[PDB]
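Student: Let me give you the structure first, and then I'll get to my questions.
Using ideal geometry, Cβ is built from the backbone for each residue, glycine included, and neighbour counts are taken over all protein chains shown. Here, each number is a calculation from the coordinates, and none is a lab measurement.
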Amino acid sequence: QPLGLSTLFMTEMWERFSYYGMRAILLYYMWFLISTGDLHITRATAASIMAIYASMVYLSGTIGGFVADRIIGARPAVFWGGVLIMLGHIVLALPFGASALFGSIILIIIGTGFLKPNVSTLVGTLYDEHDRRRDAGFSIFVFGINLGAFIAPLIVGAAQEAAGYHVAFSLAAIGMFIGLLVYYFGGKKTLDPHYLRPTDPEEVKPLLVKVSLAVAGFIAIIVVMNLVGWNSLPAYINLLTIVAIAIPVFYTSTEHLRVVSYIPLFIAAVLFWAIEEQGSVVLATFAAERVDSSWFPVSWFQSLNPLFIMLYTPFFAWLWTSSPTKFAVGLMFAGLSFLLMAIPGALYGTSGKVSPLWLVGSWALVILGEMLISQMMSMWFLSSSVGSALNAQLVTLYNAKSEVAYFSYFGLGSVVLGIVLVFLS
């Protein structure tokens, strides 16, 4: 392959290492912060923070593509996105409390928004239009993402149990630092100079007005919230949820139908991502509260997701050699992954603790579902943003008392809507 893939492989390997490493202990960290009185929220609110955090990272991602192509360039977008992210982890390793969560979260949200769509763009830039190495090349790139995502919970989770949260977060910072270094020294060797600048720059003033109007409305909204007395943390989370959902909602005989025909497909994607992103929130809660797991860090369950991706990837590749049907069966598997998790609780009760194989099977199903499910790329991140945004409301409903009903009701609900969608194909 081109020498430049090595640089980008490790760069992405290390950014996702940093991201999912942080994600694997962050909910437990907030639980920790609550118990010590630094964070005055319920565990439900802490869970809600995890969901909207992921959600905003995805939402943030739909703009960075715009910013790179038109303003700062894909390569500077990646570097400075990475710098902000590295700063995001640095903020969390300091002996601060809630004041660092948010500062960190904002840094990482913005930083990841810059990096994710743009590293993917640069991967494309390695190849000519007709260069055949492309499918293989993108596959190798994706393996690095999963590999980093796989090893990260293992390493950071172990550090957390052994040496505490702060040390664990510092490993994530070092991981991102390594990525920036490799990206930087490797980039000057192999990456095309063209992407140091924007490819599609009288539009500068209007863009300023457009961004400003969205932000000005947003700040005024926060003011009014504080005036009506809807200025609690859950209230602010409600604002971000509404924003994340309104963006897609606001967005002839035959023609009109096609655009309309896509609506059920988008909802399927949203609902799948809702379920898939709950892996790092609700199942993490289930793992820590309902499972017998003394010989390894419970955060390690988060490694099962990319493991199954790596395990599934070569099989489906052989297999494929319609799309709405893929969405449908994919959503059904997501529903099945939750229906499955309802079984141990219903049979034995929720007061005791159960075997780890239930979570293995759940992830087995949802990633199975995942194997089935420039313009379309941002649409992909909104599917996940809205899904995670949807999660920000639902996960506050999860506790030991609601465990079985939560998995079953919403599980069957997903299967049924999947049944509605298969039919519409």
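Student: Among the candidates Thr325, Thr313, which residue alone is farther than 24 Å from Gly411 by Cα, of a type in the set (S, T, N, Q) and part of a helix (DSSP H, G or I)?
Tutor: Working: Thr325 fails: farther than 24 Å from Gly411 by Cα.
Of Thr325, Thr313, the one residue that is farther than 24 Å from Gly411 by Cα, of a type in the set (S, T, N, Q) and part of a helix (DSSP H, G or I) is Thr313.
Student: Any residue that is touching a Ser or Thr at 6+ places or on another chain (Cβ under 9 Å), assigned to a helix (DSSP H, G or I) and surrounded by fewer than 16 Cβ atoms within 10 Å (Cβ to Cβ) - is there at least one of those in region 209-227?
Tutor: The answer is no, given that none of the residues of region 209-227 is touching a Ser or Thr at 6+ places or on another chain (Cβ under 9 Å), assigned to a helix (DSSP H, G or I) and surrounded by fewer than 16 Cβ atoms within 10 Å (Cβ to Cβ).
Student: Something else: Which residue pairs have Cβ atoms under 7 Å apart, sit 6 or more places apart or on different chains, and have a first residue in region 259-277 that is closer than 12 Å to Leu390 by Cβ and a second that is of a type in the set (D, E, K, R)?
Tutor: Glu276/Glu370
Student: Also, quick follow-up: Out of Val329, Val360, report the one residue that is touching a helix residue (DSSP H, G or I) at 6+ places or on another chain (Cβ under 8 Å), farther than 21 Å from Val416 by Cα and surrounded by fewer than 24 Cβ atoms within 10 Å (Cβ to Cβ). It would help to see each step written out before you state the result.
Tutor: Working: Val329 fails: farther than 21 Å from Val416 by Cα.
Criteria check complete, one pass: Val360.
Student: Output the residues belonging to region 169-221 that are touching a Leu at 6+ places or on another chain (Cβ under 7 Å) and more than 21 Å from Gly81 (Cα to Cα).
Tutor: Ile221
Student: Take residues that are surrounded by fewer than 23 Cβ atoms within 10 Å (Cβ to Cβ) and either hydroxyl-bearing (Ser, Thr, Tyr) or in contact with a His (Cβ under 6 Å, 6 or more places away or on another chain) (or both) and tell me which of the helices (runs of 4 or more DSSP H) falling wholly in region 1-95 contain 2 or more. Working first, answer last.
Tutor: Values: elements: 4-35, 43-67, 74-93.
Qualifying helices (runs of 4 or more DSSP H): 4-35, 43-67.
Student: Among (1) of a type outside the set (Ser, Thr, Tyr); (2) in a loop (DSSP other than H, G, I, E, B); (3) out of contact with any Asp or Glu (no Cβ under 9 Å at 6 or more places or on another chain), where does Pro198 come up short?
Tutor: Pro198 satisfies every listed condition except (3).
Student: Exactly one of these conditions fails for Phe102: (1) more than 27 Å from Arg197 (Cα to Cα); (2) over 23 Å from the mean Cα position of the chain (by Cα). Give me its number.
Tutor: (2)
Student: Of the residues that make up region 95-104, is at least one hydroxyl-bearing (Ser, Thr, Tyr) and over 30 Å from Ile41 (Cβ atoms)? Walk me through how you get there before you give the answer.
Tutor: From region 95-104, those hydroxyl-bearing (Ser, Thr, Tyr) are 99, 104; that's our starting set.
Keeping just the survivors that are over 30 Å from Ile41 (Cβ atoms) gives none.
Within region 95-104, none of the residues are hydroxyl-bearing (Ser, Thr, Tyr) and over 30 Å from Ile41 (Cβ atoms).
Each row is one residue, and each column tells you yes or no for (1) under 19 Å from the mean Cα position of the chain (by Cα); (2) not in a helix (DSSP H, G or I).
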site	(1), (2)
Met332	no, no
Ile343	no, no
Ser351	no, yes
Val360	no, no
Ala364	yes, no
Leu372	yes, yes
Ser378	yes, no
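Student: Still on this structure: Sort through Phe96, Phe66 and tell me the only one that's of a type in the set (A, V, I, L, M, F, W, C), out of contact with any helix residue (DSSP H, G or I) (no Cβ under 7 Å at 6 or more places or on another chain) and farther than 25 Å from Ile237 by Cβ. If you could, list the steps in order and put the result at the bottom.
Tutor: Working: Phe96 fails: farther than 25 Å from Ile237 by Cβ.
Testing whether each residue is of a type in the set (A, V, I, L, M, F, W, C), out of contact with any helix residue (DSSP H, G or I) (no Cβ under 7 Å at 6 or more places or on another chain) and farther than 25 Å from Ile237 by Cβ leaves just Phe66.
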